[PDB]
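The structure appears right after this line, and notes come after that.
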Amino acid sequence: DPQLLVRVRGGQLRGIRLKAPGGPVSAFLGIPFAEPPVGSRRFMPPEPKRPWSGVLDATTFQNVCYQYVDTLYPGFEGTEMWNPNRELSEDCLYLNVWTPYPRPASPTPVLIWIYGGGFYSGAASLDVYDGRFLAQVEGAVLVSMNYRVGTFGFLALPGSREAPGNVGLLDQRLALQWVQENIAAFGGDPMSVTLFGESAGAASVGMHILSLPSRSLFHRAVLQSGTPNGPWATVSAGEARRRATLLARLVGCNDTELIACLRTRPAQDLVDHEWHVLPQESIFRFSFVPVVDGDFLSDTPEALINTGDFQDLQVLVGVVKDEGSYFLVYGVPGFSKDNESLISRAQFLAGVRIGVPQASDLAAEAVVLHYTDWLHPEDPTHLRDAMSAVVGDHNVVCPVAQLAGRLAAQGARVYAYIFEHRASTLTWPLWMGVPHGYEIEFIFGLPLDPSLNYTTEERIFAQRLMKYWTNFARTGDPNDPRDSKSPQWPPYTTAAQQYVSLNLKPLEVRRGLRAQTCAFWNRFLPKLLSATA
Amino acid sequence: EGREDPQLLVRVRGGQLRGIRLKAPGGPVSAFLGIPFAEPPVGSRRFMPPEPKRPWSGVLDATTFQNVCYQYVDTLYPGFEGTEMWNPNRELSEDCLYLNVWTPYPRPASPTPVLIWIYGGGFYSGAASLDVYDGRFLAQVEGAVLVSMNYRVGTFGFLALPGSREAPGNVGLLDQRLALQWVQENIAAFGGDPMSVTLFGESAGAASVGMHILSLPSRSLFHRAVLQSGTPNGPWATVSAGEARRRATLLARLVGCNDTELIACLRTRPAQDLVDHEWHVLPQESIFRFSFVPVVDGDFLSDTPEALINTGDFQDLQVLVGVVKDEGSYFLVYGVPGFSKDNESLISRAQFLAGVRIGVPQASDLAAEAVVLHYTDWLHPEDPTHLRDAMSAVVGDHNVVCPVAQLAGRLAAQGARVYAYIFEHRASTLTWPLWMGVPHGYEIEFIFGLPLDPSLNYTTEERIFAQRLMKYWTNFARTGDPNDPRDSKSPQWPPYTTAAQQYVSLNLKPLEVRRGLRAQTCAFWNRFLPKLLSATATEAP
Ligand SMILES: NC(=O)c1cc[n+](COC[n+]2ccccc2/C=N/O)cc1
Ligand SMILES: *[C@@H]1O[C@H](CO)[C@@H](O)[C@H](O)[C@H]1NC(C)=O
């Protein structure tokens, strides 16, 4: 089948014809885009894949980058759907491509997915990242890469030659170059490339916006539930050096000698200890993440968004209704997926220190005082829902509002949303609402698969979202360019702050993304922590 | 004595009085005006605790109001009724310790519950003789016995060199206490029940009422209390001993003056010299701050009102407290640039930040930033209309609404039966612009039942409404409960409690129960702000 045979710069590939509910798609899975980052290449920037002979089999997903595997609720669908679904290996630098079948006759907009997982986990092979739906229904070319996570991708001894940090983002960048060089062979348009990602994937997309060498490799960006700015996505050079030095201590190890010993260590030994280097007991905080190196990131993301020129940029950003709930069951006492998680006031104060682990006593009190309902100060249902809002606002919603506003003020075309539909098939309890990560299956169009037991209105809703996202990819505007009839999705601006709700009902335009509450986080808290240092 | 009206002659402890028969809309009332209750606090007695009035001979004429206590007179809007209604309507004198009594005509058969009014005016102004404090309507329509007293204001009432013998502070409060004692001894001669005495006051008068609650020797002189738009706790009603000393000393300097020598020199100064300089000793440019106010002396006030209301036992006490809808607006047009009674007062963001520093004069920079961040509308951070209204709310919340919430909460948690209200009707006769809403002091005329006087041009609805307010107040004085026992159908006013936090709206519509007295914002002022001020050293004070 000639539709499954493709020649790229490195040699020949054989893909596989897949069935999507509406017809066939061409899938080329497991394409190597870098030399395996193994042995002495551990912690090093990726190198381009050497050319191969014959026809490389690209009909199956490749290994998942070595990472921690979650065991909190063993074999529960809601946690397992994020766990690695292929073998673990440091040899994991591969990407995946879906195209229409037959291959598009005209050059077609490319979407490039970057998974999240807190920079410590994730894989492009998960079912919720299946590209066949967007390829089949919308005729998109869709690309996803694996990139190194945890210590392997982000352990940094800033200034060292052998662990300069940010190599996981360098993996992404290399995959982006690969798309520039090769996507035309699959019928993709390299002059129309849209990055999209969720949570740490969104933050990664954010870093690419903020890092010059990346800018020639894409045109538009979508950030779902994550930003390069904010309290979890980056660390200073000093804090990264501390964490890497501590980890080295934990496993038996000048910079060169230290990294050399680290390179001798079996992968599982590093994973065993990575989560022991956080300075405070926390949630929504991750041990090894992008570092302000003065290189990939020339300054902090805050500094860079405050001063950048984004005039040529189109960005779509958004959150889910209950960003915080998912994280509560992992670190905060009194929370569980198996009960209503009705907490006491005491447990609420305790939960705030954990959710805002960097806060002084006074800042922590300010948070408690802000989120307490003084009509019902001791009510367990309020306290529980408040706890979730604290985590979600502090980590996602307010950083997103900060980004949207800063980008809009500096020339970017910005569109913002909030996603409010809870999947009928969701396995988490009601009180968690619409948790972090559960818009993705809709954007990727999973409900269009009849065997997945989604409702029919959900199928219809999924098609709307794929339309918005791909319209955005095509044109930088999510609005259907020839469907009339209200309501249109207006651009987010600093003046009017318009965003839309994504749910089963038609678009509703709202103004202000938790404006009062995010003013507390974005404007007041920094002045506070500053003074109370 | 011989041909006069036999119903207007009464004897009190100090001698015989002749009162006057006044006309009220529904019938005659008895008034006894300008009854001395102290020796005149003049000469060597300036700044001193009041001494009880020595008995007189013959029949003291009690048919006209007496002198108003020496005070600063506001002149910002000359001839404008909005300011004039508050100005002195009798001669200014240090010889001003007199009180007034209104009773049914003829006097009541059986002992009648007594109401004692204490006027406001920032502890630097006021008089019991103003038209808005006319007791004739309450006396006539409700059968009430009403008493109001002049007390010393400004320096004469509140200048203190704490610890000294010659100027111990709080003598204005002691004037009020002496009048309360006078009521205990003498009110039965008018048909008043000394065993049923309810204090009420507005603004500084309310704070005064609160101080009698907190001061042991006052407690045996009354049984129930009403606090309208004012509290003894909060940022303006008291000053520390150190601050009172510093202000007394500065004022002394400004007029050309060991505490004995200083005070003695002050006693040689003309009353007007003192008044002309009193306002000049405030530590910052402010509004809703007053130069000479009750001092935490360790005597009348054994501790700060905040400490006292936190630890006090208040079981045998019933209290009615409340606020008007727009406590702050009145104060803006006096002291905050951008504000006026003559335009819409739409202000800039700059003018708003400047207004916050003036309205929260004790705030550190961060505290102020917190206030600004909390009151800013972040969807419209520079809208002149929201800014105007937020400035009003800042001043109202910080000074009245939140101190009131803190009071009702603490009293209720500690055994007092509390009733709370918000007053939301704007008089059709109001001369202030619409943007000011229902300003500080403008419920008073309804409580006293002025709309019952046809010649004042209130609406028929306003007359019925005033009648309603009068029932509430006198029912509360009568029984500790504003609800009418003989009225089941009509909506009930529930007690305020820490758990439910219920209060009622007072307007032209029937009572409506609401929950939470600006609960969210008052958490900022009452819980967070003081912790935030704690983090700052240099300076203020
Ligand atoms: N010496 C003072 O404390 C002082 C304070 C404020 N004002 C003028 O502004 C306030 N004000 C002005 C006019 C009428 C009433 C009021 C305050 N009532 O509480 C004059 C003197
Ligand atoms: C209203 O009048 C006052 C005094 O005349 C002035 O300070 C203020 O700026 C005026 N406001 C407007 C909006 O004209």
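First the proteins, then the strands, lettered A, B, ... as listed; each starts at 1. The analysis underlying the following values was restricted to heavy atoms, covering all of them including side chains, and did not include hydrogens, waters or symmetry mates.
With a threshold of 4.5 angstrom between heavy atoms, A:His376 approaches chain B through side-chain atoms but not through N, CA, C or O. Looking at B:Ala500, there are no atoms closer than 4.5 Å to chain A (heavy atoms on both sides), in backbone or side chain. Using a 4.5 Å cut-off between heavy atoms, A:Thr372 contacts chain B through its backbone alone, with no side-chain atom that close.
Within a 6.0 Å radius of CZ in B:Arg289, more than 12 heavy atoms belonging to other residues, nucleotides or ligands are found. With a 6.0 Å radius and a threshold of 12 heavy atoms from other residues, nucleotides or ligands, A:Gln358 has its CD atom above the threshold.
To the nearest 0.5 Å, atoms CG (B:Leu366) and NZ (A:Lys527) are separated by 8.0 Å. Rounding to the nearest 0.5 angstrom, the gap separating the CD atom in A:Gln516 from the NE2 atom in B:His374 is 8.0 Å. Taking CG of A:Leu369 as the start and CG of B:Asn526 as the end, the distance is 11.0 Å to the nearest 0.5 Å.
The residue among B:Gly516, B:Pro381, B:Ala523 with the most heavy atom pairs within less than 4.5 Å of chain A is B:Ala523.
At least one side-chain heavy atom of A:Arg523 sits under 4.5 Å from a side-chain heavy atom of B:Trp378.
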